[PDB]
Amino acid sequence: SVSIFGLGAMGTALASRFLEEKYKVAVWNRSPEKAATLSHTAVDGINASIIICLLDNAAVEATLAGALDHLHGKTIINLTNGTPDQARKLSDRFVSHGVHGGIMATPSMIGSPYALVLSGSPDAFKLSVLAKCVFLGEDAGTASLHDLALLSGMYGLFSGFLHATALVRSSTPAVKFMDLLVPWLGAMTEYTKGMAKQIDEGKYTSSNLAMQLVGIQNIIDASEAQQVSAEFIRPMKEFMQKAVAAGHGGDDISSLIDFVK
Amino acid sequence: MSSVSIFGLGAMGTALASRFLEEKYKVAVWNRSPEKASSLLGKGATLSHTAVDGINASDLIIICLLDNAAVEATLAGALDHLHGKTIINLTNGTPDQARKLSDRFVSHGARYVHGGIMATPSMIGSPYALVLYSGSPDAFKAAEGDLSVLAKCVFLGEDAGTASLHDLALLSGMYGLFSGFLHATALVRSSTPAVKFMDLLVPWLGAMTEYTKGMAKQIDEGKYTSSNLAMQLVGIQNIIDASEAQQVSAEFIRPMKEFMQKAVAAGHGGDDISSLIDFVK
Ligand SMILES: NC(=O)c1ccc[n+]([C@@H]2O[C@H](COP(=O)([O-])OP(=O)(O)OC[C@H]3O[C@@H](n4cnc5c(N)ncnc54)[C@H](OP(=O)(O)O)[C@@H]3O)[C@@H](O)[C@H]2O)c1
Ligand SMILES: NC(=O)c1ccc[n+]([C@@H]2O[C@H](COP(=O)([O-])OP(=O)(O)OC[C@H]3O[C@@H](n4cnc5c(N)ncnc54)[C@H](OP(=O)(O)O)[C@@H]3O)[C@@H](O)[C@H]2O)c1
């Protein structure tokens, strides 16, 4: 038996999957619309069986407030994306009354092979139907740090996609352009493997920051001419400028790592 | 047996020049500074003393410099000796720089084509080397044979600046990727090491790279139907708050945030991240 809170795109995908493996799923929402046992209140859903999955951790505190009374005995798995510190404040608040997972998966991928979920009380932890489990510490907010990090790299990628598509829209359609992007991103995703190595040791040895700078300026000039915003690339430019100024004129794009603090 | 004449001996024009030698060509070479950027005729190259001597060295001319300004500057040389030649400018630049050059050089009897080298120097000659070419397709067809030694040719229009548009676009998406890598690494370094972290990033980016295929489709038709911009916004705010707490800069993500804020405000609260395409324009 499990009892879910939050029936958005992700909490439903999760709830649906627990059903397909024949579980006793209890479910709750602010605004109900289910397909399961429906918890009329948060108290009735707390006493049902606990996989929370909401908009923020504020919503976690807000919703579970009323149910101060029956927390004693339960094992709260918060899948809600958030900060490490939010997660630690919640873990201490809830352990005072008797974990965390970053779902590295879109809803459609839940139950799929490529689904993955990243911390907290390892007694309670010791889910697998949903995705490939990956525990990594008794630190209640370690999963959240790894969530946000991975998302940071995602959001880099989408920022490039959007800029790249936008910049070419006039001349060709986006799909016919994926014929060139998708391989190229593949190449460039490889080059980041041979950059984490540099970052881990401290090489940064030369495709030089001086020429890339005059390159990035050609994208900005070209973006304005195509009526596209180059605001996706500005931080990259600001960081390469810190680098050549600080002496890395002839060093690799790895060198910027020390200028992002 | 087949003769080429290069201009510009930086990291890229040397890689190119070196490769033409390894396929036993009659490679002529030129630079601003020869005594600087090596003119090792040792591997067989012929040093053009002036731009004129390098223009007359061959009828295939592969330029590759810092900017197009350097292209115009160097070839100025009252370019009367240009009639008959096939100028391949691999110099990264704007579509409009490329069109201004193509008209300038076609006025002097030459036949211009332009190329975005989608390849670092070490990749030149390799399987994954790729070069986009646009410009006079008459000139490109004749010299497609020779150029093919360097990378996989990919022609796409008689528009002298189409290769440059595709160059800068692809680079824009590269720079997005590195911006995410650096931010993502940075944010995690002080809890776990960058290499052990590529074990999670590299697959995940693979997933997310697939999702961009089914997003170009949306962008091409006009769906944007829901993974919603309202929740991602409170997500992106958690990365900014988390970055400050780890003493890391969240400056890589700010434009994304500014764009999602334009989107939910303009009504796309429940739409997919595809919807943002119309808010970069
Ligand atoms: N979708 C993805 O691709 C994806 C992937 C990985 C992780 N995630 C994570 O999943 C979390 C939820 O996923 P989602 O995509 O399902 O977002 P979602 O559909 O918006 O989930 C939000 C849920 O929380 C409830 N809620 C919203 N505001 C509330 C409030 N003020 N008080 C109480 N309850 C509230 C909603 O129900 P009511 O509106 O009825 O209250 C809704 O069911 C996200 O924050 C994100 O961390 C999403
Ligand atoms: N390396 C890569 O990863 C890569 C990848 C794709 C495309 N590219 C492009 O290939 C081209 C060259 O790249 P690179 O890495 O060789 O650049 P680099 O490291 O700066 O090479 C500099 C080259 O530009 C010349 N130059 C500078 N100012 C000039 C002027 N006023 N007149 C004539 N020549 C001038 C230099 O001459 P000196 O010898 O006197 O400096 C030298 O030939 C650029 O357009 C670059 O954007 C490079």
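Residues numbered from 1 in each chain as written, not as in the entry; some residues may be left out. Chains lettered and ligands numbered in written order. Heavy atoms only, no water. Residues with missing side-chain atoms left out of burial classes, pairs and counts.

- If you check the PDB entry, chain B appears there as Oxidoreductase, putative from Neosartorya fumigata.

- The name given to chain A in the PDB entry is Oxidoreductase, putative, with the source organism recorded as Neosartorya fumigata.

Regarding the UniProt feature "binding site: NADP(+) 1" (unreviewed entry) in chain B
Moving on, step 1. With numbering aligned to this structure, UniProt lists the feature "binding site: NADP(+) 1" (unreviewed entry) at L9, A11, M12, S33, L65, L66, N92 and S227 of chain B.
Moving on, step 2. Aside from chain neighbours lying at most four places away, what touches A11 of chain B is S207 of chain A together with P121 of chain B.
Moving on, step 3. Examined against the element boundaries, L66 of chain B turns out to sit in the loop between β4 (60-63) and α3 (68-75). (UniProt positions renumbered as here; feature names shortened; annotations may be inferred. Contact = heavy atoms within 4.5 Å. Helix = DSSP H or I, 4+ residues; strand = E, 2+ residues; numbered from the N terminus.)

Description of the side chain of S134 of chain B
Moving on, step 1. Here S134 of chain B is to be found in strand β7 (residues 130-135).
Moving on, step 2. Polar contacts involving the side chain of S134 of chain B include one to the main-chain amide nitrogen of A163 of chain B, which spans 2.9 Å. (Polar contact = N/O pair within 3.5 Å; in protein donor to acceptor, adjacent residues only side chain to side chain.)

What to know about the UniProt feature "binding site: NADP(+) 2" (unreviewed entry) in chain A
Moving on, step 1. If you check UniProt for "binding site: NADP(+) 2" (unreviewed entry), the listed places come out as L7, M10, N29, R30, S31, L54, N81 and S207 of chain A in our numbering.
Moving on, step 2. Turning to its location among the elements, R30 of chain A is positioned in the loop between β2 (25-27) and β3 (37-38).
Moving on, step 3. By the element assignment, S207 of chain A lies in the loop between α8 (193-201) and α9 (209-225).
Moving on, step 4. Ignoring any residue separated from it by four or fewer positions in sequence, one finds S207 of chain A in contact with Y191, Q212 and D251 of chain A together with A11 and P121 of chain B.

Focus: unusual backbone geometry
Moving on, step 1. The backbone of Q227 of chain A sits at a positive phi, close to 60°, despite the residue not being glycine.
Moving on, step 2. The phi dihedral of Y224 of chain B is positive, around 70°, even though this residue is not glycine.
Moving on, step 3. Tracing the backbone through its elements, the reader meets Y224 of chain B in the loop between α8 (213-221) and α9 (229-245).

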